[PDB]
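Enquirer:
Protein chains: 4
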Amino acid sequence: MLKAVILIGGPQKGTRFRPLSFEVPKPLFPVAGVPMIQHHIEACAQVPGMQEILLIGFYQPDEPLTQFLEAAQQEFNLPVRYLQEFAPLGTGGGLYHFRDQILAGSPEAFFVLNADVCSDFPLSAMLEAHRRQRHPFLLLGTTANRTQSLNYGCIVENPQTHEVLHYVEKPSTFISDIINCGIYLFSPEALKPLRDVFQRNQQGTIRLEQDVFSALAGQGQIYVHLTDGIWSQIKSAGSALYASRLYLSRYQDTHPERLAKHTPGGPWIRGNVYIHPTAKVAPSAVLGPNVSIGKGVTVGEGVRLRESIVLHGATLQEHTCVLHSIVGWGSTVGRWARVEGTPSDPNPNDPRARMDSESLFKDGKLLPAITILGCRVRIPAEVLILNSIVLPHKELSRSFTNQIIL
Amino acid sequence: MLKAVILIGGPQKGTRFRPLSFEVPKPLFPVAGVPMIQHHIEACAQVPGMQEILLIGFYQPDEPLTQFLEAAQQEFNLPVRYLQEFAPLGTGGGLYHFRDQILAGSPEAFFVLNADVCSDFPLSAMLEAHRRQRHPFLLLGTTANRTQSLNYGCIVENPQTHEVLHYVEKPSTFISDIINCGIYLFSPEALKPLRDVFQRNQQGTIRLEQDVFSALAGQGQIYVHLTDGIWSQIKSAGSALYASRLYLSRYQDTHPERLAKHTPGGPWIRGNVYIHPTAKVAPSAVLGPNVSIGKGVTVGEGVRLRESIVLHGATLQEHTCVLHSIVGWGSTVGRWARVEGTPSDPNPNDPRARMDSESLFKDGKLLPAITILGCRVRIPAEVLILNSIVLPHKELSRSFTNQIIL
Amino acid sequence: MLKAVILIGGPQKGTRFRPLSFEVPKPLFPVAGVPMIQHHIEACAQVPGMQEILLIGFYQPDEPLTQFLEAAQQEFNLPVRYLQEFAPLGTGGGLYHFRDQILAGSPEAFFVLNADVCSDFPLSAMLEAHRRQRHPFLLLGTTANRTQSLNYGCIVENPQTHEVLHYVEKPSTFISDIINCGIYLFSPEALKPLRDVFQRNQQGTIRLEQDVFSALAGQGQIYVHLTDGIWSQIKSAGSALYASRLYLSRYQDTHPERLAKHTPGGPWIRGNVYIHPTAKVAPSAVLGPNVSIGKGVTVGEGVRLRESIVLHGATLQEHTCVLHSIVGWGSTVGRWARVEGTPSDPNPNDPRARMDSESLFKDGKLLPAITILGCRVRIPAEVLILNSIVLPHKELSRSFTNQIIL
Amino acid sequence: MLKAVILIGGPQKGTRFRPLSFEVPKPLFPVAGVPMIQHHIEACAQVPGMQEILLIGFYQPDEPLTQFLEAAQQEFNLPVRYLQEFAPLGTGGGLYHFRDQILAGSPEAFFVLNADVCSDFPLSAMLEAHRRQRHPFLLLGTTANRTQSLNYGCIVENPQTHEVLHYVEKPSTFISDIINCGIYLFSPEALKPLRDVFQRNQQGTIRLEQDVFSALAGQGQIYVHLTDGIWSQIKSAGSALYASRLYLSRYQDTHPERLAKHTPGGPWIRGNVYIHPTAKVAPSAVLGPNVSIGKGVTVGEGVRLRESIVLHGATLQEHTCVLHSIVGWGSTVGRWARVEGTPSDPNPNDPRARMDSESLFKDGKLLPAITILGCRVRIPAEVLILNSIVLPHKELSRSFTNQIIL
Ligand SMILES: Nc1nc2c(ncn2[C@@H]2O[C@H](COP(=O)(O)OP(=O)(O)OP(=O)(O)O)[C@@H](O)[C@H]2O)c(=O)[nH]1
Ligand SMILES: Nc1nc2c(ncn2[C@@H]2O[C@H](COP(=O)(O)OP(=O)(O)OP(=O)(O)O)[C@@H](O)[C@H]2O)c(=O)[nH]1
Ligand SMILES: Nc1nc2c(ncn2[C@@H]2O[C@H](COP(=O)(O)OP(=O)(O)OP(=O)(O)O)[C@@H](O)[C@H]2O)c(=O)[nH]1
Ligand SMILES: Nc1nc2c(ncn2[C@@H]2O[C@H](COP(=O)(O)OP(=O)(O)OP(=O)(O)O)[C@@H](O)[C@H]2O)c(=O)[nH]1
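Protein chains in written order, with this note's numbering: chain R, 19 to 424; chain W, 19 to 424; chain X, 19 to 424; chain C, 19 to 424.
The structure is reproduced here in structure tokens:
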């Protein structure tokens with residue numbers, strides 16, 4: 019028997035996702051058409067012997083979260099429960115606080131997945147490596163650039179036994195090119211160190227990386243499993259576009275019916291395109307590489323869509339060019355309008371990928387990044403929105419370049 | 019019998035007020051301690067013969083608006099009613115749509131006040147000028163700079179009869195140094211041109227300046243009354259600070275009990291300071307010129323407060339310097355933190371006052387302006403927030419300069 | 019050009035609909051599968067020359083109402099607008115207040131339909147009778163029992179000219195067996211008397227029956243059109259069951275694809291049954307006469323359903339007998355449970371049909387009527403709910419007979 | 019060091035409190051002017067050595083609960099924290115689930131108080147009896163009638179050692195006249211049996227009475243402390259009136275400034291009357307025994323008020339007689355109206371006190387009990403509401419006797 023614990027965040031963790039996280043929680047944001055933790059629930063339900071999927075977070079249970087829970091329980095034939103913490107307890111404090119609900123039924127192991135990662139999720143390879151070695155902590159790690167590794171949690175390991183000897187969460191110097199993927203496999207024995215950490219706080223909030231991983235490294239309890247699959251961290255609102263690109267590439271092997279094909283009565287399609295069946299796309303439109311369309315989306319004639327996410331209810335009128343953008347829920351773009359962003363991907367292999375701070379700014383200047391329209395944003399006709407963030411329920415009247423429209 | 023129609027906006031008009039308008043409507047924002055339309059209701063209730071005050075807007079009636087209506091009806095001994103439009107009808111369409119509720123009881127005249135202006139409100143002088151001349155439209159106008167007049171509605175008048183011969187709402191060239199103050203006195207006859215405008219739209223939405231004032235100028239129906247009192251337009255979130263400075267100057271003659279004095283068991287006070295009676299200020303704090311404090315505000319020891327608005331529930335810890343800022347509701351500033359903004363007063367007499375567009379930006383760079391903290395914003399200890407806008411329910415961890423923290 | 023004004027109510031008018039009106043507005047309650055004003059919008063869109071459908075009420079625009087407006091505009095290829103009044107103005111005050119939006123485009127006539135009636139809606143016969151005679155007011159009337167007519171608005175007419183000579187809204191004595199159906203055809207001239215009524219209130223709230231119909235009767239302005247089709251008034255929560263029965267009978271001629279047929283892999287079906295396509299019904303269930311099933315409804319094996327309405331999301335477990343009941347949204351009925359009500363159809367032709375007051379009671383005793391379960395009501399296994407009203411979000415544990423479970 | 023755990027319920031437990039629990043949670047309902055758990059927090063803050071007060075329940079944290087938490091932390095100079103469970107875990111499951119937050123700081127003992135009891139709260143006598151004997155469980159028990167004891171949890175004890183030998187929660191036969199008061203004193207050792215109960219459920223939800231108290235009775239771990247003070251159980255909405263009478267009697271010794279006195283410019287006062295300082299009572303009114311008035315309540319001239327609770331914002335017009343009633347928030351009673359109920363105090367000493375079931379009914383007939391008006395209920399002039407329950411936001415037009423007005 020196996021279990022899966024998906025550590026979704028809370029409303030404070032979604033503030034960096036801010037113009038999209040104003041209407042729906044950041045875990046329920048659709049990357050490549052389905053919500054971002056439905057990829058985790060998909061991959062965990064594919065593992066044989068998986069009995070339960072628990073979601074630990076401090077979101078209050080509202081209608082989108084409970085509707086997603088019912089839909090996931092019906093779709094994947096598995097109990098998907100939401101354990102709500104009484105306070106933000108960190109990444110390890112929710113695992114220690116819900117230890118009786120996690121260890122109920124005595125599982126052999128339980129996965130611990132951070133909800134903001136986009137991975138190919140090699141849970142079966144990781145599980146079998148654990149079934150051979152049977153250590154308390156198993157980490158998923160991937161190789162990164164030497165400049166990019168200072169953004170992520172570096173893992174210094176011994177290559178013979180694959181045992182991590184050092185862990186630094188954000189080192190100022192290069193210590194390792196292997197970074198932590200946010201996918202873990204825990205033995206039941208792994209809830210025994212967390213307790214000790216909790217007792218050291220009493221002589222509540224446990225950070226799993228700083229208090230458990232960095233402190234127990236080199237003592238034979240934490241081990242690494244290295245993969246070469248796709249991996250990304252969805253932190254800001256524009257990172258979901260790169261995660262969408264990766265997931266649409268993954269759909270060529272995983273869900274080939276989800277990608278859209280060339281149809282004689284349909285639109286032109288380049289690259290990997292997801293179109294929802296409820297969405298009505300005009301045949302004169304062309305939908306370029308890495309485009310996701312949601313339900314009830316009207317796409318007019320002559321619409322160019324490239325590297326974009328169009329959320330549900332949005333309307334693009336005729337001859338509208340949308341590049342590197344996220345078009346919010348119910349937000350309408352008028353005719354001959356151009357919604358353009360500059361490509362900015364958070365990949366740990368690109369040397370001049372960006373350094374991914376909380377600040378969207380530099381020297382007063384807003385950095386050129388993905389154009390994000392919030393929900394119910396009205397873009398007028400023949401108006402350019404370039405490199406801009408538009409907050410929800412905004413009606414614009416002129417062109418805006420490199421701004422944050424409050 | 020006289021009436022007063024205060025044209026409050028709706029949720030779309032308050033988007034430019036965005037980080038403060040996320041919790042309460044822009045009409046109910048407290049400038050100099052009381053909400054911004056309570057100044058209008060104060061000045062209209064002081065006029066003898068004022069029977070009713072109507073508020074026309076397309077806000078939905080929620081608990082702050084109805085609570086304000088009950089409090090204003092109890093305080094000013096007058097019926098204060100809220101007429102909610104079915105759609106945003108512009109500045110004149112709500113006056114024409116509610117013509118039966120405005121003309122009920124057959125009033126002699128009714129004032130029409132835009133809710134976003136800060137004025138000294140000379141309604142008695144304006145009323146008596148109208149009682150001498152009895153024209154359909156009477157405008158309040160003030161003198162402006164030649165560079166600043168292109169931001170406001172310019173009025174070209176004839177100086178003998180005080181009759182406006184030309185009206186342009188935003189001219190690209192200088193046409194006049196007299197600008198429209200957003201205070202009008204309407205005769206019942208003035209609802210007769212608006213009807214004609216409505217019929218010309220059928221062969222709904224009536225803009226009072228573009229469709230009525232500019233079109234009927236020079237035909238003997240619109241007349242001007244010129245004042246020298248205080249006037250300001252509250253459009254962005256930082257303009258409310260300048261309106262607070264003007265209203266606290268007005269309080270020296272109007273409400274001398276509202277300004278705070280030097281008390282031996284109290285804080286040091288420079289200039290005009292409003293402190294709410296519920297607020298607890300430490301005696302080591304000094305509160306500089308043009309400072310407004312709301313209810314339930316804890317101000318620690320050694321706190322410097324200058325040119326600021328501290329909204330209700332906010333906590334400033336010890337040795338905190340706050341200059342040119344608006345501290346939101348329930349937002350906490352830690353010890354030795356510095357919340358600083360750059361003074362940007364929107365007055366039509368200063369030649370290098372700013373040009374007051376929708377964009378807060380220039381050339382990518384955020385313009386140096388008032389620091390605005392949203393509601394429930396936690397500022398950590400020994401952290402500087404300089405020239406920044408922080409959106410609500412944000413917990414910061416480091417210093418931010420010249421940014422918009424989403 | 020023709021128009022249609024559907025007078026939906028507000029939240030005060032839906033209080034008599036109380037356990038069902040706690041979640042959705044009373045106009046959007048599904049009778050025979052579609053919402054109750056979608057029957058009016060269906061019948062008005064079938065009339066040739068119908069340009070617009072206006073809904074006048076004092077509900078605040080929330081997500082169900084706006085979602086219905088968008089769905090109706092897409093389905094019926096017609097502008098369906100919602101005009102929200104600033105106050106409850108009665109049945110005629112909303113018609114007089116929105117006279118400029120009603121008469122916009124100069125229509126030949128406009129229908130006025132009360133939203134709570136279930137009719138066969140003979141708008142074409144009524145329109146053609148009006149096109150022959152061209153009087154200001156045309157009423158739809160039907161024949162009733164002599165005892166039942168005291169519940170409805172009686173119309174004393176002259177049979178040669180079909181002109182009403184007397185109108186009493188609720189007479190204590192028998193004056194007429196013709197009652198008002200709540201369907202009217204108005205000429206533009208008919209907005210001229212309403213104005214006079216409004217002026218008599220000033221020397222706002224206009225009741226169309228008491229102030230206009232009873233006062234102008236016999237003066238040649240109000241005329242009657244008599245039909246023999248189906249008619250019912252949906253006032254209480256159990257009246258919607260009888261309206262569902264009538265509409266499912268009407269579906270045999272109007273929408274024959276909406277009624278469910280005998281399928282070899284499907285459930286047994288007696289009488290007129292509506293099943294939503296999303297609903298999953300077990301083949302061992304039998305669904306008796308006048309049964310409506312909503313979307314996402316799981317119906318177990320052996321379920322008897324007769325004369326019932328099962329709202330969306332509800333779950334009936336195995337061997338559950340449900341008779342004369344309304345099962346709310348998401349409400350679950352356990353196995354071998356019996357949810358039973360007593361039939362009490364409100365038709366004006368039955369002599370011992372009930373007298374339809376606000377009180378559900380008599381002499382302390384609750385009257386035997388339709389069993390209503392609110393939303394998210396959990397009925398446990400092997401438990402009888404007989405003649406009872408269960409308020410929403412209630413979890414029961416034992417059998418309840420003839421009660422109101424708060 | 020001592021702690022206090024107040025087991026507030028959740029939204030399902032407040033359904034029996036239904037017409038009052040529609041607006042505010044049942045723990046925050048004001049009995050004798052202050053909310054019902056503020057009596058518990060008052061009595062726990064009076065105990066020396068009390069460090070923390072924890073509230074365990076499954077209410078979601080909304081604005082009334084957090085506002086009460088901030089007000090209680092400011093008033094009683096104590097940390098008052100709310101621990102929200104992830105699910106309804108019963109009366110013992112929340113104590114076992116939050117065992118690390120309860121035992122944090124290693125307290126000597128912690129009180130466990132059910133939030134629905136009205137007691138005199140003898141925590142110091144109970145604590146000192148525990149400090150002499152040091153047993154895991156200490157119960158508060160009171161003597162009841164032989165007929166009434168079948169409603170409560172009976173305790174069969176040995177009178178020499180005060181050790182309970184038998185516990186039955188609702189016996190069909192008389193077993194004991196000592197009943198459980200819902201006040202407990204727990205040693206840290208008492209969290210050790212609860213764990214065993216939890217493990218027996220795995221081979222979550224722990225009922226403290228059925229699983230722990232009845233099973234461990236007679237084994238030397240549970241002991242009784244008997245008091246003679248006031249005690250009541252607030253289960254239905256009308257039980258709060260009897261708890262208000264008991265607390266106003268307690269105010270003669272505990273808060274003598276809260277009771278209202280005879281004032282020459284004030285109303286006549288019989289018995290124990292609480293009046294809020296914000297409430298304006300006319301001098302011609304007389305306020306009889308056991309009357310509680312909330313803030314902002316306007317009481318007209320000639321108003322008789324006896325055995326009543328008037329919640330905040332309510333308006334009683336002139337010559338209005340209100341007896342045995344609960345007048346909701348913002349609910350207005352017109353002039354010469356009579357709001358009357360039948361006394362129904364659920365005390366365990368009265369032999370013909372009522373048997374206190376979930377059903378408010380008998381044989382179809384509604385039982386004569388306390389008249390409850392919900393929030394914003396408008397009672398018209400000269401109209402009698404007798405023995406009736408009126409659900410919130412209802413506007414009545416005639417007299418109602420012995421009904422539930424939906
Ligand atoms: N339940 C719960 N989950 C949390 C909490 N804080 C963060 N998380 C989740 O834990 C995951 C990682 O949290 P972070 O603190 O941002 O760590 P990280 O920056 O992604 O770093 P790595 O895990 O090393 O890749 C995300 O999915 C968060 O949503 C918390 O307080 N409670
Ligand atoms: N009722 C109503 N009021 C409105 C509407 N639009 C704007 N207002 C109010 O009318 C006033 C002025 O509106 P604006 O269009 O922004 O005009 P302005 O820029 O202030 O220009 P001036 O009036 O010339 O000083 C403000 O108080 C708005 O809140 C509307 O659609 N309906
Ligand atoms: N817009 C609006 N509609 C209303 C108002 N009051 C009632 N209605 C609607 O008008 C219709 C009839 O209202 P009622 O006052 O209950 O009249 P009735 O009892 O149905 O009587 P008849 O029309 O003669 O059959 C219903 O559809 C109500 O929803 C109102 O104040 N404003
Ligand atoms: N935290 C929490 N508290 C609960 C729960 N269920 C009930 N309570 C509280 O526990 C107290 C008693 O609950 P009941 O089950 O109704 O027991 P009782 O009928 O009052 O019986 P006695 O305690 O013997 O007097 C009340 O204050 C409830 O609000 C729960 O699931 N979680």
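Each residue gets a CB set at the ideal place from its N, CA and C atoms; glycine is no exception.
1) Just checking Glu227(W) against ligand 2 - is the residue's beta carbon closer than 7 Å to any of the ligand's heavy atoms?
2) With DSSP collapsed to three states, give me the class of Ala22(X).
3) Out of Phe418(X), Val351(X), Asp368(X), which has the shortest C-alpha to C-alpha gap to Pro398(X)?
4) Between which residues of its own chain and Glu181(X) is the CB-CB distance below 6 Å, once the five residues before and five after are set aside?
5) Looking at C-beta atoms only, is the number of pairs between the region 60-68 of chain X and the region 316-327 of chain X that lie closer than 8 Å three or more?
6) Rounded to the nearest angstrom, what separates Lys412(X) and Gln56(C) at their Cα positions?
7) Could you tell me if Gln85(R) is buried or exposed, where buried requires 16 or more neighbouring beta carbons within 10 angstroms of its beta carbon?
8) In chain order, what residues of the same chain have a beta carbon less than 8 Å from the beta carbon of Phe40(W), not counting five sequence neighbours either side?
9) Which residue marks the beginning of the beta strand (DSSP E) containing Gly200(W), and which one marks its end?
10) Quick one: any contact between the region 247-261 of chain W and the region 273-282 of chain W, if contact means 3 or more CB pairs under 8 Å?
11) Using C-beta distances below 6 Å, list every residue in its chain close to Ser232(W), excluding the 5 sequence neighbours before and after it, in chain order.
12) Got a sec: which bits of the region 58-72 of chain W sit with their beta carbon under 7 Å from any beta carbon on chain X, in order along the chain?
13) Within 10 angstroms of its Cβ, does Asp246(W) collect 16 or more other Cβ (buried), or is it exposed?
14) How would you list, in chain order, the residues of chain C whose beta-carbon sits under 9 Å from the beta-carbon of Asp118(R)?
15) Using the rule of at least 16 other Cβ atoms within 10 Å of the residue's Cβ for burial, across every protein chain shown, is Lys210(W) buried or exposed?
16) So, using beta-carbon positions, are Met373(R) and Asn169(R) closer together than 8 Å?
17) Using C-beta distances below 7 Å, list every residue in its chain close to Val174(R), excluding the 5 sequence neighbours before and after it, in chain order.
18) Is the beta carbon of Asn95(W) within less than 7 Å of some heavy atom of ligand 1?
19) For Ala122(X), go through chain W and note every residue whose CB falls closer than 7 Å to its CB, in chain order.
20) Using a threshold of 7 Å, is the CB atom of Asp246(X) nearer than that to any non-hydrogen atom of ligand 2?
21) Any beta carbon of chain W sitting closer than 8 Å to that of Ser377(R)?
22) Since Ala127(R) sits in a beta bridge, which residues does DSSP pair it with?
23) Starting from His280(C), follow its DSSP beta bridges and name the residues at the other end.
Expert: Answer, in terms of the structure:
1) Residue mapping note: residue 227(W) aligns to position 209 of the second sequence, counting from 1. Yes, since a heavy atom of ligand 2 falls inside the 7 Å radius drawn around the Cβ of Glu227(W).
2) For the purposes of this step, residue 22(X) is identified with residue 4 of the third sequence, where counting begins at 1. Reduced to three states, the DSSP call for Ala22(X) is strand.
3) Here the question's residue 398(X) lines up with position 380 in the third sequence. Out of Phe418(X), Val351(X), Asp368(X), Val351(X) has the C-alpha closest to the C-alpha of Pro398(X).
4) Along the third sequence, one-based indexing puts residue 181(X) at 163. Same-chain partners within the cutoff: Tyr241.
5) no
6) If you number the third sequence from 1, residue 412(X) lands on position 394. If you number the fourth sequence from 1, residue 56(C) lands on position 38. Computed Cα separation, rounded: 27 Å.
7) Taking the first residue of the first sequence as position 1, residue 85(R) is located at position 67. Classification for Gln85(R): exposed.
8) On the second sequence, residue 40(W) is found 22 positions in, with the first residue counted as 1. Excluding residues within five positions, the ones whose Cβ falls inside 8 Å are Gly392, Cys393, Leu409, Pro410.
9) For this step, residue 200(W) is matched to residue 182 along the second sequence. Element bounds for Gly200(W): 196-204.
10) no
11) For this step, residue 232(W) is matched to residue 214 along the second sequence. Counting only Cβ-Cβ distances below 6 Å, and skipping sequence neighbours, we find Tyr185.
12) none
13) Translated into the one-based positions of the second sequence, residue 246(W) becomes position 228. Classification of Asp246(W): exposed, given that the 10 Å Cβ count is below 16.
14) What you label residue 118(R) is simply residue 100 of the first sequence in a count that begins at 1. Residues of chain C passing the Cβ test: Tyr114, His115, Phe216, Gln220, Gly222.
15) In the second sequence, the residue the question calls residue 210(W) occupies position 192. With fewer than 16 other Cβ atoms within 10 Å, it is exposed.
16) On the first sequence, position 355 is the one that residue 373(R) refers to. On the first sequence, position 151 is the one that residue 169(R) refers to. It is a contact, given that the beta carbons lie within the stated cut-off.
17) On the first sequence, position 156 is the one that residue 174(R) refers to. The residues are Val182, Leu183, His184, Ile193, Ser194.
18) Counting from 1 along the second sequence, the entry for residue 95(W) is found at position 77. For ligand 1, not one heavy atom lies less than 7 Å from the Cβ of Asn95(W).
19) Counting from one through the third sequence, the residue named residue 122(X) turns up at place 104. Correct list: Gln220.
20) Counting from one through the third sequence, the residue named residue 246(X) turns up at place 228. It does not: the Cβ of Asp246(X) is nowhere closer than 7 Å to a heavy atom of ligand 2.
21) Here the question's residue 377(R) lines up with position 359 in the first sequence. So, interface residue.
22) Start at 1 with the first residue of the first sequence, and residue 127(R) comes out as number 109. According to DSSP, which records beta bridges pairwise, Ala127(R) is partnered with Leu20(R).
23) Walking along the fourth sequence from the start, residue 280(C) turns up at place 262. Its beta-bridge partners do not exist; DSSP assigns none.
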